[PDB]
Number of protein chains: 6
Amino acid sequence: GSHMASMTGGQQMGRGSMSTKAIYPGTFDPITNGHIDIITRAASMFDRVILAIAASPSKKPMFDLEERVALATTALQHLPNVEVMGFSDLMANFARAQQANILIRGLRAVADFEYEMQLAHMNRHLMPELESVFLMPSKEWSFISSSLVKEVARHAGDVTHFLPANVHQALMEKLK
Amino acid sequence: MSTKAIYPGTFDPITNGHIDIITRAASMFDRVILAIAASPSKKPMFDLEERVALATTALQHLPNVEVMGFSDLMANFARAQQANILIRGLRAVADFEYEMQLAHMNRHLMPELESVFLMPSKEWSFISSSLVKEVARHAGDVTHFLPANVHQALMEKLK
Amino acid sequence: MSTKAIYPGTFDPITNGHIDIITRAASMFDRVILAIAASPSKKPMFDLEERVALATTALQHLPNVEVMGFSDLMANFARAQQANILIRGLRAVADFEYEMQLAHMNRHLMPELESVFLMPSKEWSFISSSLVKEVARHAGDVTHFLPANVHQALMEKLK
Amino acid sequence: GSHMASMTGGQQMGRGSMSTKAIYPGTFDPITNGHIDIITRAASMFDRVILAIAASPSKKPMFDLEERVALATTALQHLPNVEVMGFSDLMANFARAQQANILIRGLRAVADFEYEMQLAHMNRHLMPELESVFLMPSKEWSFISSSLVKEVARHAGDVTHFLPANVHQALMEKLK
Amino acid sequence: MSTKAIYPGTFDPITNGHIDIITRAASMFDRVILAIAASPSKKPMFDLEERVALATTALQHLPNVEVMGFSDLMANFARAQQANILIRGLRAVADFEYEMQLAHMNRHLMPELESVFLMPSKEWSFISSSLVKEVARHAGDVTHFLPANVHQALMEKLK
Amino acid sequence: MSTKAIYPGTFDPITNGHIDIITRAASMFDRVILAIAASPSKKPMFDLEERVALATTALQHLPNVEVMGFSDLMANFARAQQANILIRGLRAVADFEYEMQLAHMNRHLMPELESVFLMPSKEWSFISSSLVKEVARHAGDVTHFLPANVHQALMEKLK
């Protein structure tokens with residue numbers, strides 16, 4: 001109510017709007033316009049957002065952690081409440097270490113929905129206070145992925161519409 | 001700053017699944033409206049009045065939620081209410097496909113409206129308003145899936 | 001002890017697809033009942049009596065199979081017939097979510113009831129009572145899909 | 001070969017390209033830009049295409065057969081190899097009556113895929129010489145349907161982008 | 001007829017999900033074999049001998065259930081064991097396409113082997129060895145997932 | 001007027017299902033190229049040379065089909081070959097989501113290329129290269145699913 005600190009610290013649920021801090025994990029190898037759109041839309045409705053970049057994915061990425069983090073930072077510089085960071089644990093454990101209460105997930109295809117539901121159940125088991133929030137990609141970006149853009153780019157297809165200029169130039173550099 | 005979210009549905013009637021969604025949503029957004037469809041395609045068991053009153057009581061305890069009836073284009077309602085976020089729960093794959101389509105259409109009608117999706121708790125993952133009805137309409141226990149005010153009103157409808 | 005299984009549906013009329021499902025169940029379970037819903041959601045083409053009759057003839061050659069009607073929750077008719085098993089035909093991924101819903105609810109209702117899911121034969125994987133009738137209603141050929149008693153009945157119905 | 005008619009009329013498989021005539025069945029209540037895209041693409045790759053309009057859909061249509069047929073005729077009259085007709089039969093029977101050998105189906109959502117496959121098995125059983133061919137909608141028209149356009153229009157939403165002018169007028173007139 | 005069933009998988013390790021599935025299979029068929037794949041595609045955390053041991057202990061309370069290894073076509077092992085039933089536990093929609101494939105192919109390889117699908121308990125429907133392991137490769141209580149012996153064994157394996 | 005279509009794939013090896021698709025496609029389009037991917041991400045069992053050779057013999061009977069290796073962007077290949085139609089077979093729901101994504105991308109890369117989709121025959125609806133290889137590898141009879149030339153070459157590979 002006012003000086004209620006002496007009586008209670010406060011619960012998360014049932015009591016109105018709490019501070020929100022979101023993580024948006026992925027490999028971002030490299031960040032595409034689809035990613036930027038998602039994080040832009042998240043940053044608009046949550047207090048803070050961390051773009052969390054997986055340091056050691058399963059498949060060796062085309063860009064190293066240091067390149068991924070630098071490229072996303074530049075592309076996201078225009079969002080004042082977004083911070084880019086690397087991580088190397090369960091998104092849940094990083095989330096806890098970061099005191100995040102929102103996990104952002106992009107929801108691109110029907111194929112993924114079953115996996116996303118399962119991951120979310122597991123994440124609720126791991127970190128009950130972590131709420132997963134799902135955003136569909138803009139129509140513009142619904143078919144693109146980092147994977148697809150790299151493979152089109154390797155064979156010289158035009159991918160300028162899908163990447164920020166800083167990433168597109170880095171990408172060309174990687175491909176000779 | 002300010003977030004104002006609409007959670008639309010038919011809520012005929014509101015279940016524990018809905019309450020879970022709206023509770024979670026109302027922890028993340030400054031205000032939430034449960035927007036109850038006036039004139040659903042399939043004529044419902046409870047009318048708007050009944051639905052709105054049951055929901056109002058079921059969510060009375062949440063400080064920052066309001067229950068209202070609407071009967072126009074969600075774009076115009078959200079705009080009327082100056083809401084920037086549309087909340088939908090996603091139970092099943094079938095429902096995602098259809099919600100994705102509506103999201104695209106709403107992006108066209110109202111570019112400044114953000115659609116956002118939540119998944120049910122595992123506890124409520126199988127319930128729906130339709131299922132609770134059909135079970136109770138053949139005397140199955142549904143007391144676990146509904147608030148008392150709603151259970152009673154349902155029992156009352158089936159007598 | 002024993003296993004007693006229920007294969008519910010409207011069977012309006014029964015097709016070689018159903019007859020396959022029940023033949024396979026009847027080979028792995030001591031008794032099986034073909035439970036023909038009396039009051040389906042839409043009005044049937046054949047009334048329960050015609051249906052129960054047609055199914056009875058069609059399945060005469062199966063020793064441990066009984067054809068009955070039922071108008072209530074499956075968990076009730078199961079209880080009533082002292083059945084421990086529920087047979088569900090499982091054709092498409094598009095059915096699987098809905099079937100998994102009903103399975104959770106029937107466990108909630110009747111936790112001693114087991115839902116068992118059989119895939120139809122590739123031969124019958126695209127047919128249904130509905131499609132068979134729609135096709136027949138415009139004089140398409142459906143002789144491959146129905147036993148003769150049913151095929152004769154249907155022809156007579158469409159005059 | 002030369003004049004092998006005395007010897008054979010020829011069979012459809014194993015012997016190069018044959019004349020193609022497609023039917024594109026639906027209720028088209030009313031025809032949208034999505035429909036127009038499908039059939040335009042069809043008409044560019046097959047010799048003739050018939051837009052087949054279901055006389056008696058299961059749900060009562062907003063436009064009657066006569067009105068549906070007229071609206072489509074107009075929307076499609078710039079395609080020289082397209083004809084619009086009503087029909088009240090199995091698509092397979094109409095195609096037989098019409099001596100069609102291709103059935104066009106639009107393929108918009110995951111949810112329909114298995115239904116479509118099942119319909120294609122039925123139609124193969126009914127008319128072996130009928131081939132089903134599946135086209136996806138343009139990104140541009142991926143979300144629209146007649147149903148959704150009608151319900152948006154009923155509530156005064158702007159649907160001018162999804163319909164040809166003749167249809168958009170007919171529609172406002174129904175909903176006055 | 002007499003009913004003997006095969007329940008194949010890697011079971012690396014077994015979980016309460018499997019145990020639930022095999023229990024339910026067990027309770028409708030005379031005998032059930034938990035058929036453990038010897039050489040799975042990726043190398044397992046537990047070797048065949050450990051896996052069989054963990055399983056045997058876990059299911060020891062089920063009289064009519066026997067664990068075994070197998071390193072061939074499922075259809076052949078089934079023919080060898082004179083099994084007339086194959087047990088698949090259907091969790092997700094995604095897997096159902098792939099399981100429908102295998103079932104058609106097994107019908108081709110072994111026409112006398114009937115495929116039977118059981119859906120998991122709501123409780124267990126998200127759990128999967130691979131998940132558990134990858135959780136346990138970091139942290140988080142899995143006591144409710146695994147049986148005691150498996151729990152302990154896994155704990156040991158960690159470091 | 002004239003139509004020229006590409007059917008791209010890995011065809012490692014070509015099966016009866018692929019032959020069915022291309023036969024059907026070559027009856028509706030003037031010319032068809034079977035385009036065989038030179039460098040698949042996964043290393044194939046048969047190299048490009050063997051894959052093209054087997055495919056060439058398998059489709060030798062079809063007057064208006066040519067089998068070619070490619071190792072570039074389909075858009076440039078189709079452009080190189082002056083092809084205006086891309087043919088993909090569509091077996092499963094999984095395949096459809098992915099195929100729809102590439103079709104959008106291809107429409108961005110090559111607006112004048114029309115993507116077209118065919119369902120397998122019921123006969124071949126469950127087969128794939130991967131599955132036939134896996135059955136063969138454990139001695140399963142797969143003679144019904146491949147041409148003689150291809151069968152012989154597979155048996156050779158697996159010795």
# chains A, B, ... in the order shown; residues from 1 in each chain; ligands from 1
$ select_by_dssp --residues "segment 16-131 of chain B" --states "strand (DSSP E)" --output "list in words"
residues 31, 32, 33, 34, 35, 36, 37, 65, 66, 67, 68, 69, 70, 85, 86, 87, 88, 89, 114, 115, 116, 117 and 118 of chain B
$ closest_atom_pairs --of "chain A" --to "chain B" --cutoff "9 Å" --atoms "only C-alpha atoms" --output "CSV"
residue,atom,partner,partner_atom,distance
A:12,CA,B:27,CA,6.7
A:13,CA,B:27,CA,5.7
A:14,CA,B:62,CA,5.3
A:15,CA,B:63,CA,6.2
A:16,CA,B:64,CA,5.4
A:17,CA,B:27,CA,4.8
A:18,CA,B:27,CA,5.9
A:19,CA,B:28,CA,7.6
A:20,CA,B:28,CA,6.4
A:41,CA,B:114,CA,7.5
A:44,CA,B:1,CA,8.5
A:45,CA,B:3,CA,6.4
A:46,CA,B:28,CA,7.8
A:47,CA,B:1,CA,7.8
A:102,CA,B:28,CA,8.6
A:109,CA,B:97,CA,8.6
A:110,CA,B:93,CA,6.5
A:111,CA,B:93,CA,8.8
A:113,CA,B:93,CA,6.5
A:114,CA,B:93,CA,7.5
A:117,CA,B:119,CA,7.0
A:120,CA,B:119,CA,8.0
A:121,CA,B:122,CA,7.0
A:124,CA,B:121,CA,8.8
A:131,CA,B:24,CA,7.9
A:132,CA,B:118,CA,7.0
A:133,CA,B:118,CA,5.6
A:134,CA,B:117,CA,4.8
A:135,CA,B:116,CA,5.5
A:136,CA,B:100,CA,7.2
A:138,CA,B:104,CA,7.9
A:139,CA,B:104,CA,7.1
$ closest_residue --among "A:171, A:103, A:82, A:151" --to "residue 68 of chain A" --atoms "only C-alpha atoms"
A:171
$ interface_residues --of "chain E" --to "chain F" --cutoff "10 Å" --atoms "only C-alpha atoms" --output "NGL selection string"
:E and (71-76 or 94 or 97-98 or 100-106 or 108-109)
$ select_by_dssp --residues "segment 41-176 of chain A" --states "helix (DSSP H, G or I)" --output "PyMOL selection string"
chain A and resi 41-43+65-76+91-97+110-126+139-141+146-154+160-162+165-174
$ residues_around --residues "segment 69-80 of chain D" --least-positions-apart "5" --cutoff "7 Å" --atoms "only C-alpha atoms" --output "PyMOL selection string"
chain D and resi 31+53+85-86+164+166-167
$ atom_distance --atom1 "atom CA of residue 36 of chain A" --atom2 "atom CA of residue 112 of chain B"
16.8 Å
$ residues_around --residues "residue 101 of chain A" --least-positions-apart "3" --cutoff "8 Å" --atoms "only C-alpha atoms" --output "PyMOL selection string"
chain A and resi 20-22+95+129-131
$ atom_distance --atom1 "atom CA of residue 67 of chain C" --atom2 "atom CA of residue 11 of chain C"
10.8 Å
$ atom_distance --atom1 "atom CA of residue 41 of chain F" --atom2 "atom CA of residue 153 of chain F"
22.4 Å
